Amino acid sequence: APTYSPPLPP
Amino acid sequence: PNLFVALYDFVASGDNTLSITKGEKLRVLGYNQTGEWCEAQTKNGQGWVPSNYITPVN
């Protein structure tokens, strides 16, 4: 998986 | 038990992420270490999506 966090939910 | 639906559109950001569209179905393979990312399959391919952008559907 990406090492950065995903975007927050809208 | 692996059938899910997308809560929101998500445009891939590269790095083996997968674009998904709100309301479309997907099958889940698993999660990363923190649980924040989810590895999923759709008709468009396979890759990582945010875990809280999807939910189970019967």
# chains A, B, ... in the order shown; residues from 1 in each chain; ligands from 1
>>> interface_residues(of="chain B", to="chain A", cutoff="12 Å", atoms="only C-alpha atoms", output="mmCIF file with N, CA, C and O atoms, in the first residue's frame")
data_model
loop_
_atom_site.group_PDB
_atom_site.id
_atom_site.type_symbol
_atom_site.label_atom_id
_atom_site.label_comp_id
_atom_site.auth_asym_id
_atom_site.auth_seq_id
_atom_site.Cartn_x
_atom_site.Cartn_y
_atom_site.Cartn_z
ATOM 1 N N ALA B 6 -18.603 1.230 -3.188
ATOM 2 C CA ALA B 6 -17.908 2.490 -2.964
ATOM 3 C C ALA B 6 -18.859 3.569 -2.426
ATOM 4 O O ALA B 6 -19.921 3.812 -3.021
ATOM 5 N N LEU B 7 -18.455 4.219 -1.334
ATOM 6 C CA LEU B 7 -19.182 5.351 -0.760
ATOM 7 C C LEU B 7 -18.976 6.638 -1.556
ATOM 8 O O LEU B 7 -19.855 7.489 -1.589
ATOM 9 N N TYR B 8 -17.792 6.796 -2.152
ATOM 10 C CA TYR B 8 -17.399 8.043 -2.799
ATOM 11 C C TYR B 8 -16.540 7.709 -4.010
ATOM 12 O O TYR B 8 -15.853 6.681 -4.040
ATOM 13 N N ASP B 9 -16.543 8.597 -4.995
ATOM 14 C CA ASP B 9 -15.531 8.519 -6.032
ATOM 15 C C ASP B 9 -14.148 8.730 -5.408
ATOM 16 O O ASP B 9 -13.968 9.521 -4.482
ATOM 17 N N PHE B 10 -13.166 8.033 -5.964
ATOM 18 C CA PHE B 10 -11.770 8.174 -5.587
ATOM 19 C C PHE B 10 -10.953 8.051 -6.865
ATOM 20 O O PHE B 10 -11.026 7.055 -7.582
ATOM 21 N N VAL B 11 -10.199 9.099 -7.158
ATOM 22 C CA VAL B 11 -9.339 9.130 -8.334
ATOM 23 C C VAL B 11 -7.945 8.647 -7.921
ATOM 24 O O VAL B 11 -7.338 9.180 -6.985
ATOM 25 N N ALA B 12 -7.440 7.631 -8.609
ATOM 26 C CA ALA B 12 -6.137 7.073 -8.278
ATOM 27 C C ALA B 12 -5.063 8.154 -8.217
ATOM 28 O O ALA B 12 -5.063 9.102 -9.003
ATOM 29 N N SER B 13 -4.153 7.987 -7.266
ATOM 30 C CA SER B 13 -3.069 8.931 -7.028
ATOM 31 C C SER B 13 -1.750 8.285 -7.376
ATOM 32 O O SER B 13 -0.690 8.746 -6.934
ATOM 33 N N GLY B 14 -1.817 7.245 -8.198
ATOM 34 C CA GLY B 14 -0.645 6.484 -8.521
ATOM 35 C C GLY B 14 -0.292 5.500 -7.436
ATOM 36 O O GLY B 14 -1.100 5.228 -6.561
ATOM 37 N N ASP B 15 0.913 4.941 -7.493
ATOM 38 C CA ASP B 15 1.395 4.098 -6.413
ATOM 39 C C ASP B 15 0.448 2.934 -6.171
ATOM 40 O O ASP B 15 0.159 2.601 -5.028
ATOM 41 N N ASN B 16 -0.046 2.334 -7.256
ATOM 42 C CA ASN B 16 -0.875 1.136 -7.169
ATOM 43 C C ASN B 16 -2.202 1.347 -6.469
ATOM 44 O O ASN B 16 -2.795 0.422 -5.938
ATOM 45 N N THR B 17 -2.690 2.570 -6.537
ATOM 46 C CA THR B 17 -4.048 2.848 -6.131
ATOM 47 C C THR B 17 -4.992 2.606 -7.316
ATOM 48 O O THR B 17 -4.561 2.526 -8.473
ATOM 49 N N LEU B 18 -6.280 2.464 -7.030
ATOM 50 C CA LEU B 18 -7.289 2.121 -8.024
ATOM 51 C C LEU B 18 -8.419 3.152 -7.992
ATOM 52 O O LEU B 18 -8.982 3.401 -6.935
ATOM 53 N N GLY B 30 -7.808 -7.372 1.097
ATOM 54 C CA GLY B 30 -7.230 -7.146 2.407
ATOM 55 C C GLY B 30 -6.925 -5.690 2.633
ATOM 56 O O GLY B 30 -7.473 -4.814 1.958
ATOM 57 N N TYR B 31 -6.040 -5.451 3.598
ATOM 58 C CA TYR B 31 -5.771 -4.127 4.142
ATOM 59 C C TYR B 31 -4.285 -3.992 4.397
ATOM 60 O O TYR B 31 -3.558 -4.981 4.488
ATOM 61 N N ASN B 32 -3.828 -2.763 4.541
ATOM 62 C CA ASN B 32 -2.451 -2.527 4.930
ATOM 63 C C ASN B 32 -2.293 -2.597 6.453
ATOM 64 O O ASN B 32 -3.217 -2.948 7.186
ATOM 65 N N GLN B 33 -1.092 -2.298 6.930
ATOM 66 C CA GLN B 33 -0.760 -2.519 8.330
ATOM 67 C C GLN B 33 -1.593 -1.674 9.288
ATOM 68 O O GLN B 33 -1.949 -2.113 10.381
ATOM 69 N N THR B 34 -1.883 -0.451 8.881
ATOM 70 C CA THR B 34 -2.635 0.469 9.726
ATOM 71 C C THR B 34 -4.132 0.327 9.536
ATOM 72 O O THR B 34 -4.904 0.911 10.282
ATOM 73 N N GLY B 35 -4.536 -0.405 8.503
ATOM 74 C CA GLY B 35 -5.936 -0.501 8.166
ATOM 75 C C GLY B 35 -6.489 0.655 7.352
ATOM 76 O O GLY B 35 -7.654 0.621 6.980
ATOM 77 N N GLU B 36 -5.679 1.669 7.055
ATOM 78 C CA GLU B 36 -6.163 2.849 6.347
ATOM 79 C C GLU B 36 -6.416 2.605 4.862
ATOM 80 O O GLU B 36 -7.234 3.292 4.254
ATOM 81 N N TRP B 37 -5.681 1.671 4.278
ATOM 82 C CA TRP B 37 -5.793 1.354 2.869
ATOM 83 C C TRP B 37 -6.307 -0.070 2.697
ATOM 84 O O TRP B 37 -5.990 -0.958 3.486
ATOM 85 N N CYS B 38 -7.075 -0.264 1.625
ATOM 86 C CA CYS B 38 -7.740 -1.523 1.320
ATOM 87 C C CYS B 38 -7.388 -1.942 -0.111
ATOM 88 O O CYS B 38 -7.484 -1.132 -1.029
ATOM 89 N N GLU B 39 -6.970 -3.193 -0.294
ATOM 90 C CA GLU B 39 -6.649 -3.700 -1.611
ATOM 91 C C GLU B 39 -7.890 -4.354 -2.186
ATOM 92 O O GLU B 39 -8.428 -5.295 -1.593
ATOM 93 N N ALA B 40 -8.343 -3.854 -3.326
ATOM 94 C CA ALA B 40 -9.624 -4.234 -3.901
ATOM 95 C C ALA B 40 -9.501 -4.559 -5.385
ATOM 96 O O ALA B 40 -8.544 -4.158 -6.060
ATOM 97 N N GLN B 46 -7.134 -3.770 -10.191
ATOM 98 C CA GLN B 46 -6.840 -4.109 -8.810
ATOM 99 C C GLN B 46 -5.913 -3.060 -8.236
ATOM 100 O O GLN B 46 -4.980 -2.610 -8.907
ATOM 101 N N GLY B 47 -6.150 -2.668 -6.995
ATOM 102 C CA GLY B 47 -5.258 -1.744 -6.340
ATOM 103 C C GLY B 47 -5.837 -1.235 -5.041
ATOM 104 O O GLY B 47 -6.871 -1.690 -4.568
ATOM 105 N N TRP B 48 -5.152 -0.266 -4.466
ATOM 106 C CA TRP B 48 -5.464 0.228 -3.140
ATOM 107 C C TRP B 48 -6.438 1.411 -3.198
ATOM 108 O O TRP B 48 -6.309 2.308 -4.042
ATOM 109 N N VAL B 49 -7.389 1.390 -2.275
ATOM 110 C CA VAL B 49 -8.400 2.434 -2.117
ATOM 111 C C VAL B 49 -8.509 2.730 -0.616
ATOM 112 O O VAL B 49 -8.145 1.926 0.221
ATOM 113 N N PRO B 50 -9.050 3.902 -0.249
ATOM 114 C CA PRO B 50 -9.166 4.165 1.192
ATOM 115 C C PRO B 50 -10.159 3.200 1.844
ATOM 116 O O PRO B 50 -11.257 3.006 1.300
ATOM 117 N N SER B 51 -9.827 2.648 3.004
ATOM 118 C CA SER B 51 -10.695 1.675 3.640
ATOM 119 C C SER B 51 -12.059 2.228 3.999
ATOM 120 O O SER B 51 -13.048 1.500 3.951
ATOM 121 N N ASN B 52 -12.117 3.502 4.376
ATOM 122 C CA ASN B 52 -13.401 4.082 4.744
ATOM 123 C C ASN B 52 -14.108 4.754 3.560
ATOM 124 O O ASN B 52 -15.054 5.511 3.744
ATOM 125 N N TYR B 53 -13.683 4.426 2.341
ATOM 126 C CA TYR B 53 -14.409 4.803 1.134
ATOM 127 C C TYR B 53 -15.292 3.680 0.599
ATOM 128 O O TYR B 53 -15.906 3.831 -0.461
ATOM 129 N N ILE B 54 -15.354 2.557 1.310
ATOM 130 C CA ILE B 54 -16.112 1.402 0.854
ATOM 131 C C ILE B 54 -16.881 0.797 2.032
ATOM 132 O O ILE B 54 -16.557 1.061 3.187
#
>>> atom_distance(atom1="CA of residue 57 (chain B)", atom2="CA of residue 5 (chain B)")
6.1 Å
>>> select_by_dssp(residues="chain B", states="strand (DSSP E or B)", output="list in words")
residues 3, 4, 5, 6, 10, 17, 20, 25, 26, 27, 28, 29, 30, 31, 37, 38, 39, 40, 41, 42, 45, 46, 47, 48, 49, 50, 54, 55 and 56 of chain B
>>> write_last_selection(atoms="N, CA, C and O atoms", output="mmCIF file, in the first residue's frame")
data_model
loop_
_atom_site.group_PDB
_atom_site.id
_atom_site.type_symbol
_atom_site.label_atom_id
_atom_site.label_comp_id
_atom_site.auth_asym_id
_atom_site.auth_seq_id
_atom_site.Cartn_x
_atom_site.Cartn_y
_atom_site.Cartn_z
ATOM 1 N N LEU B 3 -17.841 -8.727 -0.838
ATOM 2 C CA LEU B 3 -18.493 -7.774 -1.757
ATOM 3 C C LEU B 3 -18.806 -6.475 -1.055
ATOM 4 O O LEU B 3 -19.446 -6.464 -0.002
ATOM 5 N N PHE B 4 -18.325 -5.393 -1.657
ATOM 6 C CA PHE B 4 -18.406 -4.067 -1.093
ATOM 7 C C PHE B 4 -18.910 -3.111 -2.163
ATOM 8 O O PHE B 4 -18.937 -3.447 -3.349
ATOM 9 N N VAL B 5 -19.328 -1.929 -1.712
ATOM 10 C CA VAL B 5 -19.707 -0.844 -2.591
ATOM 11 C C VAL B 5 -18.926 0.417 -2.189
ATOM 12 O O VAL B 5 -18.635 0.660 -1.014
ATOM 13 N N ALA B 6 -18.603 1.230 -3.188
ATOM 14 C CA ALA B 6 -17.908 2.490 -2.964
ATOM 15 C C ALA B 6 -18.859 3.569 -2.426
ATOM 16 O O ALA B 6 -19.921 3.812 -3.021
ATOM 17 N N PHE B 10 -13.166 8.033 -5.964
ATOM 18 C CA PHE B 10 -11.770 8.174 -5.587
ATOM 19 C C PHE B 10 -10.953 8.051 -6.865
ATOM 20 O O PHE B 10 -11.026 7.055 -7.582
ATOM 21 N N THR B 17 -2.690 2.570 -6.537
ATOM 22 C CA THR B 17 -4.048 2.848 -6.131
ATOM 23 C C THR B 17 -4.992 2.606 -7.316
ATOM 24 O O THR B 17 -4.561 2.526 -8.473
ATOM 25 N N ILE B 20 -12.118 4.373 -8.209
ATOM 26 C CA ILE B 20 -13.426 3.773 -8.022
ATOM 27 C C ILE B 20 -14.500 4.862 -8.066
ATOM 28 O O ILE B 20 -14.229 6.034 -7.796
ATOM 29 N N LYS B 25 -19.541 -1.688 -7.268
ATOM 30 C CA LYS B 25 -19.180 -2.810 -6.415
ATOM 31 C C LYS B 25 -17.692 -3.216 -6.605
ATOM 32 O O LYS B 25 -17.056 -2.908 -7.583
ATOM 33 N N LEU B 26 -17.170 -3.818 -5.550
ATOM 34 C CA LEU B 26 -15.777 -4.198 -5.545
ATOM 35 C C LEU B 26 -15.606 -5.385 -4.603
ATOM 36 O O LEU B 26 -16.425 -5.610 -3.710
ATOM 37 N N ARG B 27 -14.557 -6.162 -4.828
ATOM 38 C CA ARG B 27 -14.224 -7.272 -3.958
ATOM 39 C C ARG B 27 -12.922 -6.956 -3.225
ATOM 40 O O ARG B 27 -11.961 -6.493 -3.810
ATOM 41 N N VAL B 28 -12.910 -7.207 -1.934
ATOM 42 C CA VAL B 28 -11.795 -6.837 -1.093
ATOM 43 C C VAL B 28 -10.864 -8.019 -0.861
ATOM 44 O O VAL B 28 -11.303 -9.114 -0.490
ATOM 45 N N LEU B 29 -9.572 -7.774 -1.066
ATOM 46 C CA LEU B 29 -8.520 -8.749 -0.785
ATOM 47 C C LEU B 29 -7.913 -8.597 0.608
ATOM 48 O O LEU B 29 -7.522 -9.583 1.227
ATOM 49 N N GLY B 30 -7.808 -7.372 1.097
ATOM 50 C CA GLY B 30 -7.230 -7.146 2.407
ATOM 51 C C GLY B 30 -6.925 -5.690 2.633
ATOM 52 O O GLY B 30 -7.473 -4.814 1.958
ATOM 53 N N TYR B 31 -6.040 -5.451 3.598
ATOM 54 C CA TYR B 31 -5.771 -4.127 4.142
ATOM 55 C C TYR B 31 -4.285 -3.992 4.397
ATOM 56 O O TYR B 31 -3.558 -4.981 4.488
ATOM 57 N N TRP B 37 -5.681 1.671 4.278
ATOM 58 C CA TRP B 37 -5.793 1.354 2.869
ATOM 59 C C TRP B 37 -6.307 -0.070 2.697
ATOM 60 O O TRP B 37 -5.990 -0.958 3.486
ATOM 61 N N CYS B 38 -7.075 -0.264 1.625
ATOM 62 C CA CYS B 38 -7.740 -1.523 1.320
ATOM 63 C C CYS B 38 -7.388 -1.942 -0.111
ATOM 64 O O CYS B 38 -7.484 -1.132 -1.029
ATOM 65 N N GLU B 39 -6.970 -3.193 -0.294
ATOM 66 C CA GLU B 39 -6.649 -3.700 -1.611
ATOM 67 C C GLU B 39 -7.890 -4.354 -2.186
ATOM 68 O O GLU B 39 -8.428 -5.295 -1.593
ATOM 69 N N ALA B 40 -8.343 -3.854 -3.326
ATOM 70 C CA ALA B 40 -9.624 -4.234 -3.901
ATOM 71 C C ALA B 40 -9.501 -4.559 -5.385
ATOM 72 O O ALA B 40 -8.544 -4.158 -6.060
ATOM 73 N N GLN B 41 -10.516 -5.262 -5.878
ATOM 74 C CA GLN B 41 -10.669 -5.611 -7.283
ATOM 75 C C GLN B 41 -11.995 -5.088 -7.788
ATOM 76 O O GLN B 41 -13.025 -5.250 -7.133
ATOM 77 N N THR B 42 -11.965 -4.483 -8.967
ATOM 78 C CA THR B 42 -13.179 -4.099 -9.667
ATOM 79 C C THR B 42 -13.034 -4.524 -11.121
ATOM 80 O O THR B 42 -12.009 -5.073 -11.532
ATOM 81 N N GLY B 45 -9.723 -3.244 -12.630
ATOM 82 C CA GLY B 45 -8.408 -3.688 -12.210
ATOM 83 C C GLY B 45 -8.330 -3.949 -10.726
ATOM 84 O O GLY B 45 -9.319 -4.301 -10.082
ATOM 85 N N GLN B 46 -7.134 -3.770 -10.191
ATOM 86 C CA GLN B 46 -6.840 -4.109 -8.810
ATOM 87 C C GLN B 46 -5.913 -3.060 -8.236
ATOM 88 O O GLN B 46 -4.980 -2.610 -8.907
ATOM 89 N N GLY B 47 -6.150 -2.668 -6.995
ATOM 90 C CA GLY B 47 -5.258 -1.744 -6.340
ATOM 91 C C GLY B 47 -5.837 -1.235 -5.041
ATOM 92 O O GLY B 47 -6.871 -1.690 -4.568
ATOM 93 N N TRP B 48 -5.152 -0.266 -4.466
ATOM 94 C CA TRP B 48 -5.464 0.228 -3.140
ATOM 95 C C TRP B 48 -6.438 1.411 -3.198
ATOM 96 O O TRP B 48 -6.309 2.308 -4.042
ATOM 97 N N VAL B 49 -7.389 1.390 -2.275
ATOM 98 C CA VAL B 49 -8.400 2.434 -2.117
ATOM 99 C C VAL B 49 -8.509 2.730 -0.616
ATOM 100 O O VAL B 49 -8.145 1.926 0.221
ATOM 101 N N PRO B 50 -9.050 3.902 -0.249
ATOM 102 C CA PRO B 50 -9.166 4.165 1.192
ATOM 103 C C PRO B 50 -10.159 3.200 1.844
ATOM 104 O O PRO B 50 -11.257 3.006 1.300
ATOM 105 N N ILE B 54 -15.354 2.557 1.310
ATOM 106 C CA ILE B 54 -16.112 1.402 0.854
ATOM 107 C C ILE B 54 -16.881 0.797 2.032
ATOM 108 O O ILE B 54 -16.557 1.061 3.187
ATOM 109 N N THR B 55 -17.889 -0.019 1.712
ATOM 110 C CA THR B 55 -18.724 -0.651 2.719
ATOM 111 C C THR B 55 -19.295 -1.960 2.165
ATOM 112 O O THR B 55 -19.520 -2.103 0.979
ATOM 113 N N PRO B 56 -19.611 -2.917 3.039
ATOM 114 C CA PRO B 56 -20.169 -4.174 2.530
ATOM 115 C C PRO B 56 -21.540 -4.037 1.890
ATOM 116 O O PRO B 56 -22.351 -3.201 2.292
#
